[PDB]
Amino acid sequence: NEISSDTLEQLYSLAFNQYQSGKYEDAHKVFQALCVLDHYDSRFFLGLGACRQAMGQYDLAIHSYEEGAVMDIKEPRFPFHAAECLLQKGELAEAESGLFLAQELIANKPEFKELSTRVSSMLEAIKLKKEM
């Protein structure tokens, strides 16, 4: 853990850029390594989960999002992205609960205004198909 400096930031910035560049397998390797250097840092679990989600590895994505939630139970993005994966698994009920949670974690905070619209929209999709 502490044999390393804030190089974690350099590595994190690298893995971040790789994810943006579509190199998900490489970003994944770096994020996974960061999860070792500091397994209490939810940024790394959020990133790792995103890489797995980007490669359509949904179960693994949900696993990472769950680990990271433990490290930050106030963070809306964990239940949110996990809900996205659950939708891809065709599990709408599980997804809706996650979306309800993210929605409650967001609590009308302006900083998540865009994330909220997406949550309201995904709920409305589930809601429309569910209500017949």
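Position 1 is the first residue in the sequence shown; the rest follow in order.
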item: Selected stretch [higher average CA B-factor]: 23-31 or 52-60; value: 23-31
item: Given 75-83 and 89-97, the range whose Cα B-factors average higher in the PDB entry; value: 89-97
item: Assigned third (lowest, middle, highest) for the C-alpha B factor of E67; value: lowest
item: Among modelled residues of the same chain, the CA temperature factor third for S120; value: lowest
item: Where the record places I106 (Cα B-factor, split into thirds across the chain); value: middle
